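**Q** Sequence below, structure please.
(8 chains)
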Amino acid sequence: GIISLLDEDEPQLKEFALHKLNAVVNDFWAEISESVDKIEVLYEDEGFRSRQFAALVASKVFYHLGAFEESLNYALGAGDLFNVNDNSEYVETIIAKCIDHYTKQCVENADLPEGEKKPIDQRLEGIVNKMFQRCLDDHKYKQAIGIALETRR
Amino acid sequence: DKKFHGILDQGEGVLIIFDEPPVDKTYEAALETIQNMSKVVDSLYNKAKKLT
Amino acid sequence: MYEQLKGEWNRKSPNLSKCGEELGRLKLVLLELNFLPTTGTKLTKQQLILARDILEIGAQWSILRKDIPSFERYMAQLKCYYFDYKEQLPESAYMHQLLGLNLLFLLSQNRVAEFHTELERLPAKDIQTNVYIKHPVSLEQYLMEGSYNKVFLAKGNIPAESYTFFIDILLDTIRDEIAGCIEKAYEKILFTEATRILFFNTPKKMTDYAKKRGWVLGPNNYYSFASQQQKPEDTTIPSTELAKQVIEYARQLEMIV
Amino acid sequence: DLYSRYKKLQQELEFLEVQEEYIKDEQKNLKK
Amino acid sequence: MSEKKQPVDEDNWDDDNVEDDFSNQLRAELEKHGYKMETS
Amino acid sequence: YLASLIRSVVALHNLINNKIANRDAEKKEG
Amino acid sequence: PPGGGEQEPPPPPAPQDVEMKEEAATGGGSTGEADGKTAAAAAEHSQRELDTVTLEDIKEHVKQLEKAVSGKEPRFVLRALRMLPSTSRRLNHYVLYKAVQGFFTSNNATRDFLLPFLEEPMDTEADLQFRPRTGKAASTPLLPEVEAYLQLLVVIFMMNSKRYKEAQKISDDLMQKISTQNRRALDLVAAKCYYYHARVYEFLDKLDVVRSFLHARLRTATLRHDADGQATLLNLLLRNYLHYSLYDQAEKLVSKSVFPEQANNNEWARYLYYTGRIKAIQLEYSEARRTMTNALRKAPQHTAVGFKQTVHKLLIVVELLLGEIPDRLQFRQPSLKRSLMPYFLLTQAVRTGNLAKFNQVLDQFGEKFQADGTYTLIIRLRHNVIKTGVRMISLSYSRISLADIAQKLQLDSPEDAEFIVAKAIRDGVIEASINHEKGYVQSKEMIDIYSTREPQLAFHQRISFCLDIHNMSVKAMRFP
Amino acid sequence: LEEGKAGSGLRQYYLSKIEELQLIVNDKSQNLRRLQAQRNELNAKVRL
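**A** Numbering: from 1, shown residues only, chains lettered A, B, ... in the order given. Let me share the structure:
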């Protein structure tokens, strides 16, 4: 019944709330399904300092529900706190999906060929070359050329 | 005796005749399911032989 | 340490100002221990027991103020306290009927699936004891009757407590069901005979029903005319869907083919 | 190496994809 | 099988439904059928 | 009813004869 | 002493024959099956592995004790060793111990001796290829070991066995991941082992954290690699979640998916049993009656033993609440009859129209219902008993007096006589028209619409089912 | 590499999932090619 605690006006309880979510989210992934509609309030509020992290728990609960593109949507406006974590499983799934989206968008962009271009968010394209620097740092040479084949750019 | 169809009344002294002759359309289906019994029963022998 | 907390519980509150101050006082505890998941050292849940008492009276003040979202919030907190992963806690004198407040409210909302899954925690214990829970389950027994009258005999005597605010809602939600369930379908019902169920003496509720129903108002009697009602045949209306069902049925024959 | 085979394994996907149209059309004309 | 869950824990039946109806109702019955004669 | 009558018969001859001709014919080859 | 002394030698070599060649031919066959084909899976020796686990689980398990073959626990867990060309000499060492046990007495080392034994696959360094062969060679003594139930000091060795299995699970997640095929043979084992997790945890403490681990595994199967595993994980979830309140009801709707394909066969139907009780808590019978019936018709052939009978115990519950119930002694089993005697008297008094007859059964036989937790129906079934009585009296009497009907059904008062009928009309129970003056109740018999609507609705199920039989026959017919 | 050695696990998973899906579609193609072999045999009997 921790969902009803989101009715409190002070955001200082909201930071503690998300701190409970991400810890018990493995078993309580289903417990956030009906609260999604209350998460919309925290994400859509600009005066809410934790919206950046609100999109993380939203993207996780959509990972449980089997939502892919819908988790990408919060992935974008989730801020720096989202792409700062390279640990464990959730980081590779989202960049595989985001680069799939990105590379089909880029095969489309090269077919314009120029003019009336689609808007390309700086976050979705910045994690591309940003995480490509991992292939330059680890010196792994087979993946380094693969990404450049994917974006077609 | 079934040679005559109808219904009487002791109080009012009224006999009323009513008839709906044909029974054929049900005989159609009834005599079918009755034999299909032994149909399925005969299938159990093959289904039992293939499995064991 | 910390407090003063329960000092405002015995005296309760004259208005909602002290109640709001009690929530502002509990906000500090919610900043320190939060709500969970502190196992301990279970002595750290002692002040959580002292918080359970003021949350129980926080739902008594949430129904006292009539506010619906506050009541369900505080009830989520209490229910999670008896649902805490450590089942060893001091026995609460309100543990019994605090489930019946949300149960009777839930019944005012007409929730069939949540009712039965509410009692799933202790099925054998709710039957043998807890009279406070034995009144809503007897109310359900009487709701399959339905009642109507048997509940009106049980609505005079309830311990209760705090069920006054809920049995008024139960009142209205039954009274409109007198009007809905009397017809269809009854041929007629005499005047004073329906006045025996509406109670009062010559209420304006039966005049408002003469509007809402409509339906008929007859002299010293009443009528379901006309007729019983609307007279469905339905003649050629079902022949459309009778052809339509065969359309897709033949399609299934063609899918074999 | 890794991306090489990554682009090598949708070939037979599309080849057998048009093979479905192949078999499906041919049996229909073969019935006639 | 015995895998998984299970290690954790004409005919006469159609008429035997009616016989169950006879078991809990009006006994069989002879004696009562013979006792109802002299009652009235 | 006649439909469902013969539907089971088609499944009868087909499944019985085929499953026999499947496993019992393959067991002699390998 | 001479008689028993000469009867001790014969038994031990019987397993030492079969059990020696059993997982050597099955495990050693699956060793070459795991290198290639590997289609699907299949790995038909995985099905043979179900048969072998169930083979020892009757006779002879592992041990005991017995002071004879208890040395097989360290034997098979030793000597990988190490690479395949080096394993020939070790396969011969397994046979040298046969002459050691034939000459001198056999050595027994278990309990505290199992701690270095279970760590010897990690000491050999290493197998090194097959984690499932090491998981099987380590579990095969451990799985029937639970049958000891000594509960003292060897259960923490079962916890150490879950820890060693978690080491093999880190090796299961890190290694392969591309055409794994070890996961698909290991998902049967992750299944059985997780069920043994809950089995062991039932004898000590329910697992709150192991469900965090289980759900990590659960959600992490989708989408990367799930074959047969997650269908079992969802049933692990549901199994203790059905016994432990709450919310788990609507948890399934967000999990599905379905999850297809249904596996393994009957293993999916039992899932329909668990969710059948769940969906019964929402009081919807039409959805509950089909999921219950499918469970029984989808499960062959038994034995064993009593759980296939219990699923039928709860099968007819939803049908009893429906109001239409077949007589249940057609499914009567000599082992089942003795168990449902009180229950059978329950349904016996339920189908009757006497209300007092029904209230007596709860008083005398409620003590058995406490153990089944089946009181959830006993409150809501009364509605069905009164509806049954009124249905009977409706069709069986043209015109009935409301005051005189209360004495037969022990309705006790005139006022509720109007109430039962009011809701009867509201739910479409009876079409009769009632006049309140005295009052009286008259009823009328209408028909001829009848076979217009009802048979075509059935035909929609009949024909669709027959063409489905045609599709399922064509599917298995085209394989040759 | 994290890009990478474990991100190519999803990447090459597309190879194994396409080959598994295609093994189902290829089983559906094999069992259907038996049809064409048989119907071509039936066309061969009228020529025989």
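**Q** give the contact list for whichever residue of the stretch 1-150 of chain C sits closest to chain A.
**A** Residue nearest to chain A within the stretch 1-150 of chain C: residue C:76 (3.0 Å; CB to the nearest CB). Just so you know, the C-beta spots here come from the backbone N, C-alpha and C atoms, and that holds for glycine as well. Neighbouring residues of residue C:76 by CB atoms under 8 Å, 6 or more residues apart in numbering or on different chains: A:1-5.
**Q** Which element, helix or strand, includes it?
**A** helix C:68-82 (DSSP states H and E).
**Q** chain center to that helix, what's the gap?
**A** 15 Å (CA atoms, centre = their mean, to the nearest Å).
**Q** Take it, keep the C-alpha atoms, and write them as PDB.
**A** Taking C-alpha atoms only, helix C:68-82 is exported to PDB below (Å, rounded to 0.1, in the frame of the first residue of the first chain):
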ATOM      1  CA  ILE C  68     -12.400   9.500   1.000                       C
ATOM      2  CA  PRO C  69      -8.800   9.600  -0.200                       C
ATOM      3  CA  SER C  70      -7.400  10.300   3.300                       C
ATOM      4  CA  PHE C  71      -9.300   7.300   4.600                       C
ATOM      5  CA  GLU C  72      -8.000   4.900   1.900                       C
ATOM      6  CA  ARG C  73      -4.400   6.300   2.400                       C
ATOM      7  CA  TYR C  74      -4.400   5.700   6.200                       C
ATOM      8  CA  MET C  75      -6.100   2.300   5.700                       C
ATOM      9  CA  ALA C  76      -3.300   1.300   3.300                       C
ATOM     10  CA  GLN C  77      -0.800   2.200   6.000                       C
ATOM     11  CA  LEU C  78      -2.600   0.200   8.700                       C
ATOM     12  CA  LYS C  79      -3.200  -2.800   6.500                       C
ATOM     13  CA  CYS C  80       0.400  -2.800   5.500                       C
ATOM     14  CA  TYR C  81       1.300  -2.700   9.200                       C
ATOM     15  CA  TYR C  82      -0.600  -5.900   9.900                       C
END
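**Q** Can you name the next helix or strand after it?
**A** helix C:95-109.
**Q** Just the buried residues of that following helix, please?
**A** Buried positions in helix C:95-109, judged by neighbour count with 16 or more other CB atoms under 10 Å in any protein chain shown: C:95-108.
**Q** Whichever of the contacts of residue C:76 end up buried, select them in ChimeraX.
**A** One line in ChimeraX is enough to select the buried ones among those; burial here means 16+ other CB under 10 Å:
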select /A:1,2,3,4,5
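**Q** so which of the contacts of residue C:76 comes closest to chain C?
**A** Taking CB to the nearest CB as the measure, chain C sits nearest to residue A:1 out of the contacts of residue C:76, at 3.0 Å.
**Q** For the closest residue to chain D within the stretch 201-350 of chain G, which non-adjacent residue is spatially closest?
**A** Here the stretch 201-350 of chain G gets closest to chain D at one residue, residue G:224, 16.1 Å apart by CB to the nearest CB. In space, and not counting its chain neighbours, residue G:224 is closest to residue H:13: 6.0 Å by CB to CB, 6 or more residues apart in numbering or on different chains.
**Q** My read is that that neighbour contacts residue G:178, right?
**A** Yes. Counting by CB atoms under 8 Å, residue G:178 is a contact partner of residue H:13 at 6.6 Å.
**Q** Geometric centre of chain A: which residue is closest?
**A** The residue lying closest to the centre of chain A (CA atoms, centre = their mean) is residue A:75, at 1.8 Å.
**Q** which outside residues touch the helix or strand hosting it?
**A** Using DSSP H and E, residue A:75 sits in helix A:69-76. Contact with helix A:69-76 is made by A:43, A:55-56, A:58-59, A:62-63, A:82, A:94, A:97-98, A:101, A:121, A:123-124, as judged by CB under 8 Å, 6+ apart.
**Q** Give me the distance between whichever residue of chain B sits closest to chain G and residue G:298.
**A** Of all residues in chain B, residue B:51 sits closest to chain G, at 9.1 Å by CB to the nearest CB. Counting by CB to CB, to the nearest Å, the separation of residue B:51 from residue G:298 is 17 Å.
**Q** which of the two has more neighbours?
**A** residue G:298 (16 against 9; other CB atoms under 10 Å in any protein chain shown).
**Q** who touches the closest residue to chain F within the stretch 151-257 of chain C in this structure?
**A** Relative to chain F, the nearest point of the stretch 151-257 of chain C is residue C:253 (9.0 Å; CB to the nearest CB). Neighbour list for residue C:253: residue G:463 [criterion: CB under 8 Å, 6+ apart].
**Q** Quick check: which element contains it?
**A** According to DSSP H and E, residue C:253 maps onto helix C:237-254.
**Q** Report the buried residues of that helix.
**A** Under 16+ other CB under 10 Å, the buried positions of helix C:237-254 are C:238, C:245.
**Q** For residue G:301, see how far away whichever residue of chain B sits closest to chain A is.
**A** Chain A sits closest to residue B:51 of chain B, with a gap of 39.5 Å, by CB to the nearest CB. Plainly put, residue B:51 is 9 Å away from residue G:301 if you go by CB to CB.
**Q** that older thread, quick check: the gap between the residue nearest to residue G:224 and residue G:183.
**A** As defined by CB to CB, residue H:13 lies at a distance of 12 Å from residue G:183.
**Q** Check the gap between the residue of the stretch 201-350 of chain G closest to chain D and chain C for me.
**A** 29 Å (CB to the nearest CB, to the nearest Å).
**Q** Can you tell me the SS state at that residue?
**A** Reducing the assignment at residue G:224 to three states with DSSP: H, G, I helix; E, B strand; the rest coil gives coil.
**Q** can you redo the contacts of residue C:76 as JSON lines with distance to chain E?
**A** Below are the contacts of residue C:76 laid out as JSON lines (distance: CB to the nearest CB, whole Å):
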{"residue": "A:1", "distance to chain E": "32"}
{"residue": "A:2", "distance to chain E": "33"}
{"residue": "A:3", "distance to chain E": "34"}
{"residue": "A:4", "distance to chain E": "37"}
{"residue": "A:5", "distance to chain E": "38"}
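**Q** near chain C, from the contacts of residue C:76?
**A** The residues of those that also fall near chain C, by CB under 8 Å from any CB of the partner chain, are A:1-5.
**Q** Looking at those, spot the one nearest residue G:163.
**A** When the ones next to chain C among the contacts of residue C:76 are ranked by distance to residue G:163 (CB to CB), residue A:2 comes first, at 31.6 Å.
**Q** Go ahead and confirm the closest one touches residue C:37.
**A** No. Between residue A:2 and residue C:37 there is no contact under CB under 8 Å: 10.3 Å.
**Q** Can you list the buried residues in the one helix or strand residue A:98 maps to?
**A** In this assignment (DSSP H and E), residue A:98 forms part of helix A:90-109. For helix A:90-109, a neighbour-count test (16+ other CB under 10 Å) marks A:90-100, A:102-103, A:106, A:109 as buried.
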